[PDB]
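The chain below stands alone, shown as structure tokens; this is the form deposited in one PDB entry.
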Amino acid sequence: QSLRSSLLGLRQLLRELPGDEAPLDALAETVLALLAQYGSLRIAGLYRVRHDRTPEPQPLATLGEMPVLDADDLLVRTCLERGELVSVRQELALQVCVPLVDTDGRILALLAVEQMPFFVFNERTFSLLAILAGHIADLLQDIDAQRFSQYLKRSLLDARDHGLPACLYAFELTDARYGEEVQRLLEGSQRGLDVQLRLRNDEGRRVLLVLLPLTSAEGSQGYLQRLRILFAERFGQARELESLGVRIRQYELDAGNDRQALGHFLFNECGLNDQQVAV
């Protein structure tokens, strides 16, 4: 949950820097700091990874007395070949390598850990570094549609690799009298990290997709409940959201879901296509 704030705080940093510098370079220190905090790291470095999946030897940022990086170190190479976090056998001078991998499988950067306290050298920690690293990779990377598809892929990976839930709402706006105003209300209701996408379904109707990443069934209930109150303010208490021609479809992503089940929701049920949302 501290996760929300960190990502949100980073996203803000991204949005408020000049083009006169690539994000990874400007935010190297911040990114390392985030990772250092979540893994209670003591000695580590952050490195750019090249298109050819080899790291730039010169670190973007370091923490403590980080040694020169050995690019031929098997741990680095195994991490970079697999695109996955790798750690040394706990029974047995890097201790862990964590790649920053975006949703397309491109590796942007490498966290190399020389030392972390023995007692945070476990799967729960590794999981957290890996979750955070993937999200960070995303942020470093049609605007609205591209972003929506990326975040959606991220959520699929998070549910699949880590069992983290997410929720997808589709708001079909069937009464043109209120369509624009309903959308405006939803857009103004937006939490950072949540993403929205305006579309037209195959029946020619306006649809507003809302993706709530990292959000449990209870969270999605809290959200919708917050919305009904906003709606009651905007169109009066006497009026229900549905009486404004709004139809709700909801899809919970979780460990037991699949890309195929999600596609069925987007295309078969919501009536969208893969030119609108990439799965």
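Throughout, we count residues from 1 along the sequence that is shown.
Student: Answer with none, 1 to 3, 4 to 9, or 10 or more: how many deposited residues between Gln183 and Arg184 are not present in the coordinates.
Tutor: According to the record, the chain runs unbroken from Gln183 to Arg184.
Student: What number of deposited residues lacks coordinates in the span between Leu92 and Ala93: none, 1 to 3, 4 to 9, or 10 or more?
Tutor: Gap between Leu92 and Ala93: 10 or more unmodelled residues.
Student: Comparing 116 to 124 with 75 to 83, which has the greater mean CA B-factor as deposited?
Tutor: Comparing 116 to 124 with 75 to 83, the higher mean C-alpha B-factor belongs to 116 to 124.
Student: Between 222 to 230 and 27 to 35, name whichever shows the higher mean Cα B factor according to the PDB entry.
Tutor: For C-alpha atoms only, the mean B-factor is higher in 27 to 35.
Student: What's the residue among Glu203, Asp175, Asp138, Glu187 with the greatest CA temperature factor in the PDB record?
Tutor: The listed residue with the largest C-alpha B-factor is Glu203.
Student: When the CA B-factors of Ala217, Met66, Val246, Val210 are compared as recorded in the entry, which is the largest?
Tutor: In the PDB entry, the greatest C-alpha B-factor among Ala217, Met66, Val246, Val210 is found at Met66.
Student: Relative to the other modelled residues in the chain, which third contains the C-alpha temperature factor of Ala261: lowest, middle or highest?
Tutor: It belongs to the middle third of the chain when residues are ordered by C-alpha B-factor.
Student: Rank-wise, by C-alpha B-factor, drop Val101 into the lowest, middle or highest third of its chain.
Tutor: According to the entry, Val101 has a C-alpha B-factor in the chain's lowest third.
Student: Lowest, middle or highest third: where is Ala44 by C-alpha B factor in its chain?
Tutor: Within its chain, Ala44 is a middle-third residue by C-alpha B-factor, going by the deposited values.
Student: Sorting by Cα B-factor within the chain, modelled residues only, which third would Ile107 end up in: lowest, middle or highest?
Tutor: Answer is lowest: the recorded C-alpha B-factor places it there.
Student: Using the B-factor values recorded in the entry, state whether the Cα atom of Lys153 falls in the lowest, middle or highest third among the modelled residues of its chain.
Tutor: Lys153: CA B-factor falls in the middle third of its chain.
Just so you know, the form deposited in another entry exists too; it's not on screen, but the next bit is about it.
Student: Quick one: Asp254 and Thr125 C-alpha atoms, closer or farther in the other entry compared with this form (3 angstroms or more)?
Tutor: Distance between the C-alphas of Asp254 and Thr125: shorter in the other entry, by 3 Å or more.
Student: With a shift of at least 3 angstroms, figure out whether the C-alpha spacing between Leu185 and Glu16 grows or shrinks in the other entry: closer or farther?
Tutor: Those two alpha carbons end up farther apart in the other entry.
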